[PDB]
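To keep things clear, I will list the structure first and then write my remarks on it.
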Amino acid sequence: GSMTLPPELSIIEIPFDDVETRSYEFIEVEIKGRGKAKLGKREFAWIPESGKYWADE
């Protein structure tokens with residue numbers, strides 16, 4: 001759903017950017033239905049956690 005964020009906030013979770021932007025070497029896999037792996041050009045989010053927002057580390 002289209003949701004605009006405030007100016008104060010800078011970074012924001014968006015895995016769709018990796019699967020969308022990246023087409024040649026796009027990465028999209030789940031860690032045992034818990035973590036997430038999204039590696040793209042216009043995106044960078046992949047960590048084995050519940051949030052999958054680079055919080056685990």
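All residue names refer to the structure tokens as shown: chains lettered A, B, ... in order, residues numbered from 1 in each chain, ligands numbered from 1 in order.
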
Report task. Would you list, as a VMD selection string, the residues of chain A that end up in helix (DSSP H, G or I) under DSSP run on this structure's backbone? Result -> chain A and resid 16 to 21

Residues from the last selection, N, CA and C atoms, saved as a PDB file, in the first residue's frame:
ATOM      1  N   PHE A  16      11.125  -4.887  -2.023  1.00  0.00           N
ATOM      2  CA  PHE A  16      10.575  -4.895  -3.373  1.00  0.00           C
ATOM      3  C   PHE A  16      11.520  -4.201  -4.349  1.00  0.00           C
ATOM      4  N   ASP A  17      12.309  -3.264  -3.835  1.00  0.00           N
ATOM      5  CA  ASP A  17      13.259  -2.525  -4.661  1.00  0.00           C
ATOM      6  C   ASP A  17      14.353  -3.449  -5.187  1.00  0.00           C
ATOM      7  N   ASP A  18      14.746  -4.419  -4.368  1.00  0.00           N
ATOM      8  CA  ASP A  18      15.785  -5.368  -4.752  1.00  0.00           C
ATOM      9  C   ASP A  18      15.276  -6.327  -5.823  1.00  0.00           C
ATOM     10  N   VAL A  19      14.113  -6.922  -5.573  1.00  0.00           N
ATOM     11  CA  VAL A  19      13.517  -7.861  -6.515  1.00  0.00           C
ATOM     12  C   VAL A  19      13.081  -7.155  -7.794  1.00  0.00           C
ATOM     13  N   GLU A  20      12.715  -5.882  -7.665  1.00  0.00           N
ATOM     14  CA  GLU A  20      12.277  -5.095  -8.812  1.00  0.00           C
ATOM     15  C   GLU A  20      13.474  -4.559  -9.593  1.00  0.00           C
ATOM     16  N   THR A  21      14.232  -3.666  -8.964  1.00  0.00           N
ATOM     17  CA  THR A  21      15.402  -3.075  -9.599  1.00  0.00           C
ATOM     18  C   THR A  21      16.323  -4.150 -10.165  1.00  0.00           C
TER      19      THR A  21
END

Requested in this report: Name the residues of chain A that fall into strand (DSSP E or B) according to DSSP on the backbone, using the chain letters and numbers of this document, as a ChimeraX atom specification.
Outcome: /A:27-31,35-40,43-47

Residues from last step as file, N, CA and C atoms, as a short mmCIF file (atom, residue, chain, number, x, y, z; two decimals), in the first residue's frame:
data_model
loop_
_atom_site.label_atom_id
_atom_site.label_comp_id
_atom_site.auth_asym_id
_atom_site.auth_seq_id
_atom_site.Cartn_x
_atom_site.Cartn_y
_atom_site.Cartn_z
N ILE A 27 18.41 -11.18 -5.93
CA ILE A 27 18.36 -12.19 -4.88
C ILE A 27 17.09 -12.06 -4.04
N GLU A 28 16.37 -13.16 -3.89
CA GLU A 28 15.13 -13.17 -3.12
C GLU A 28 14.87 -14.54 -2.52
N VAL A 29 15.20 -14.70 -1.24
CA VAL A 29 15.00 -15.96 -0.54
C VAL A 29 14.73 -15.74 0.94
N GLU A 30 13.96 -16.64 1.54
CA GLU A 30 13.63 -16.54 2.96
C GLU A 30 14.43 -17.55 3.78
N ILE A 31 14.85 -17.14 4.97
CA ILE A 31 15.62 -18.01 5.85
C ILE A 31 14.71 -18.82 6.76
N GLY A 35 13.92 -15.35 8.23
CA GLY A 35 14.74 -14.26 7.74
C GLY A 35 14.41 -13.88 6.31
N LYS A 36 15.14 -12.91 5.77
CA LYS A 36 14.91 -12.46 4.40
C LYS A 36 16.24 -12.15 3.71
N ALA A 37 16.28 -12.38 2.40
CA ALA A 37 17.49 -12.13 1.62
C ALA A 37 17.17 -11.35 0.35
N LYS A 38 17.40 -10.04 0.40
CA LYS A 38 17.13 -9.18 -0.75
C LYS A 38 18.38 -8.39 -1.14
N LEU A 39 19.01 -8.78 -2.24
CA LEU A 39 20.21 -8.11 -2.71
C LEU A 39 20.01 -7.55 -4.12
N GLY A 40 19.88 -6.23 -4.21
CA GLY A 40 19.68 -5.60 -5.50
C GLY A 40 20.52 -4.35 -5.67
N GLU A 43 18.66 -1.48 -3.78
CA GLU A 43 18.20 -2.02 -2.51
C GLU A 43 19.29 -2.85 -1.84
N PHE A 44 19.20 -2.98 -0.52
CA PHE A 44 20.18 -3.74 0.24
C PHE A 44 19.62 -4.15 1.60
N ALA A 45 18.97 -5.31 1.64
CA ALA A 45 18.39 -5.81 2.88
C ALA A 45 18.38 -7.34 2.90
N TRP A 46 19.21 -7.92 3.76
CA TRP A 46 19.30 -9.37 3.88
C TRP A 46 19.90 -9.77 5.23
N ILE A 47 19.04 -10.16 6.16
CA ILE A 47 19.49 -10.57 7.48
C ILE A 47 18.54 -11.60 8.09
#

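CA of residue 34 in chain A is positioned 16.7 Å from CA of residue 14 in chain A.
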
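Of note, CA of residue 24 in chain A and CA of residue 11 in chain A are spaced 24.8 Å apart.
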
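Relative to CA of residue 49 in chain A, CA of residue 3 in chain A is found at 23.8 Å.
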